[PDB]
Each structure stands twice: as structure tokens, then as C-alpha cells.
Amino acid sequence: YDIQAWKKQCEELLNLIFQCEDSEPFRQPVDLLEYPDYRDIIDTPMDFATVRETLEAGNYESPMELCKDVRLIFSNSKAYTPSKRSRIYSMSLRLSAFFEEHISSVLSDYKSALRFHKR
Ligand SMILES: CC(=O)NCc1ccc(S(N)(=O)=O)cc1
């Protein structure tokens with residue numbers, strides 16, 4: 001029932017994601033010189049370095065907020081390269097499955113700890 005445990009759990013999950021080769025296209029903001037029409041399609045860019053820096057700055061109140069930003073990385077990838085046979089597409093799908101598999105217990109433990117606190 002530790003209300004604060006999610007933060008270190010998210011730091012460790014982000015470390016695993018950075019070690020994953022599938023995270024390479026998502027480690028830093030999309031380069032607008034390489035993809036000049038990116039902002040014509042994507043309203044809110046997101047990447048794992050921005051997620052990590054938001055977490056380290058103490059700017060996430062809950063793991064649900066972090067999860068919303070990570071999910072935005074994947075939805076941006078799907079919206080920008082929607083060829084279900086593109087390299088980045090396939091990397092996004094595997095990394096998303098890995099993230100969802102590991103974030104589930106982080107969210108469950110946090111929601112349980114908060115429900116216990118407010119009992
Ligand atoms: C990160 C993003 O959404 N766009 C950049 C990008 C990177 C790789 C590829 S790809 N499909 O050739 O692997 C297409 C676009």
C-alpha cells in the first residue's frame with residue numbers, strides 16, 4: 001500500500017525500455033529536419049526522454065499520467081506511419097506490448113494503495 005512506489009517502478013521500466021532496441025526511434029523527439037511534415041499530422045509530440053524528464057522533475061502525480069504520455073508515443077507512431085508493414089510500426093507494436101505487460105501491476109498497485117489510503 002505504498003502510494004509513492006510507482007515512481008521508482010516507472011524509472012526501472014523506463015531503464016528497461018531504453019535498453020530495448022525497439023525503443024530507438026522513440027528515445028528522443030522526432031527530428032523535424034528528417035520528417036518535415038511531422039507537425040502537420042501530429043499535434044502533440046512525445047518521446048521516452050521527455051517522459052523520463054517529466055518523471056524526474058516531479059511533474060507526474062500518478063503512473064496513469066505517465067501511461068497516457070507513453071501511449072501517446074505509440075498513437076503518434078500509428079498516425080504518422082500507418083503502413084502496418086513499416087519498420088517503426090512493427091517496433092511500436094512490440095514495444096507497446098512490452099510496456100503494457102509491465103505497467104499493468106504498477107497501475108494496479110498504485111490504485112490499490114490509494115484506495116487503501118482513502119478507506
Ligand atoms: C517516430 C516516428 O513516428 N516517425 C519517424 C520515423 C522513423 C522510422 C520510420 S520507418 N517506418 O521507416 O521505420 C518512419 C518514420
Side-chain angles (χ1 to χ4, degrees), residues 1-7 9-119:
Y1 306 126
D2 183 337
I3 296 161
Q4 284 93 49
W6 66 277
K7 188 169 179 184
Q9 289 163 1
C10 285
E11 291 168 347
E12 249 82 288
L13 178 51
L14 286 168
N15 284 345
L16 291 176
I17 288 166
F18 271 87
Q19 285 290 314
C20 290
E21 290 184 1
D22 286 340
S23 69
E24 189 273 334
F26 314 105
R27 292 169 190 170
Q28 296 290 326
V30 171
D31 190 341
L32 309 180
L33 296 178
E34 302 172 358
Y35 306 95
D37 64 344
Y38 194 74
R39 297 300 310 276
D40 300 333
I41 311 298
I42 301 302
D43 285 331
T44 311
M46 191 51 60
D47 68 278
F48 288 105
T50 299
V51 171
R52 180 182 265 160
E53 69 189 27
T54 303
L55 186 66
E56 296 302 280
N59 288 351
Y60 283 130
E61 192 182 8
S62 69
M64 294 86 71
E65 288 181 351
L66 179 142
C67 191
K68 187 174 150 173
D69 281 351
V70 172
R71 286 166 173 171
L72 178 61
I73 298 170
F74 300 127
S75 62
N76 285 348
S77 179
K78 188 177 188 172
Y80 189 74
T81 313
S83 172
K84 328 286 260 313
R85 301 184 82 258
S86 279
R87 187 80 193 278
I88 187 151
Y89 171 92
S90 257
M91 286 179 151
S92 320
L93 210 69
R94 293 188 296 257
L95 195 65
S96 171
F98 177 82
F99 172 77
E100 292 299 333
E101 163 179 302
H102 289 74
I103 208 62
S104 51
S105 61
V106 175
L107 296 170
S108 293
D109 286 1
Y110 175 79
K111 296 172 186 181
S112 165
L114 213 56
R115 276 176 198 123
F116 189 77
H117 187 73
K118 306 167 195 304
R119 79 203 185 273

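Sequence positions, counted from 1, serve as the residue numbers for this chain.
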Beyond-backbone contact of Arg52 with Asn15, side-chain heavy atoms, under 4.5 angstrom
yes

By side-chain contact (heavy atoms from CB on, under 4.5 Å), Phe98 pairs with (sequence neighbours left out) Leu13, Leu16, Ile17, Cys20, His102

Rounding to 0.5 Å, atoms CG (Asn59) and CD (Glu56) come to a distance of 11.0 Å

Across all chains, not counting sequence neighbours, the side-chain contact (heavy atoms from CB on, under 4.5 Å) partners of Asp31 are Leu33, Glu34

| field | Donor-acceptor under 3.5 Å (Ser75 side chain, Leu72 main chain) | value | yes

(message) Quick check against the 3.5 Å criterion: does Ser108 have a side-chain atom that pairs as donor or acceptor with the backbone of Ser104?
(response) yes

Taken to the nearest 0.5 Å, the spacing of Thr44 OG1 from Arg39 CZ works out to 7.0 Å

The salt bridge (charged side-chain N to carboxylate O under 4.0 Å, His left out) partners of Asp47 (sequence neighbours excluded) come to none

Open item on the list: Count I, L, V, M, F, W, Y as connected when their side-chain heavy atoms are under 4.5 Å apart, and connections chain through other members. Are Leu95 and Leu93 then in the same cluster?
Closed with: no

May I have the list of side-chain donor-acceptor pairs in residues 60-67 shorter than 3.5 Å, sequence neighbours left out?
residue : atom : partner : partner atom : Å
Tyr60   : OH   : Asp69   : OD2          : 2.6
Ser62   : OG   : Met64   : N            : 3.4
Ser62   : OG   : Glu65   : N            : 3.4
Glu65   : OE1  : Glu61   : N            : 2.8

Salt bridge (charged side-chain N to carboxylate O under 4.0 Å, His left out) pairs touching residues 102-111, sequence neighbours excluded, are none

Using a 4.5 Å side-chain heavy-atom cut-off and chaining through intermediate ILVMFWY residues, the residues clustered with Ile42 come out as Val30, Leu32, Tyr35, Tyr38, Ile41, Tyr80

Within 45° cone and under 6.0 Å: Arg119 NZ/CZ vs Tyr1 ring: no

Of all heavy-atom pairs linking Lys7 and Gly58, the shortest is NZ-CA, 4.2 Å

With sequence neighbours left out, the residues meeting salt bridge (charged side-chain N to carboxylate O under 4.0 Å, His left out) with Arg27 are none

With sequence neighbours left out, the residues meeting side chain to side chain donor-acceptor pair (under 3.5 Å) with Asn76 are none

Quick note, salt bridge (charged side-chain N to carboxylate O under 4.0 Å, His left out) partners involving residues 81-97, not counting sequence neighbours, are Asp22-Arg94

Contacts of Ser77 meeting side-chain contact (heavy atoms from CB on, under 4.5 Å) (sequence neighbours excluded), chain-then-number -> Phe26, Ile88, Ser92

Taken in chain and number order and not counting sequence neighbours, the residues that satisfy side-chain contact (heavy atoms from CB on, under 4.5 Å) with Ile3 are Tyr110, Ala113, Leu114, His117

Q) Run the side chain to side chain contact (heavy atoms under 4.5 Å, CB included) check on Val70 and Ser96 step by step: do they pass? A) CA-CA 9 Å; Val70 172; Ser96 171; over 6 Å; no

With sequence neighbours left out, the residues meeting salt bridge (charged side-chain N to carboxylate O under 4.0 Å, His left out) with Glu100 are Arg71

Report task. Flag yes if more than 12 heavy atoms outside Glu21 fall under 6.0 Å of its CD atom; otherwise flag no. Result -> no

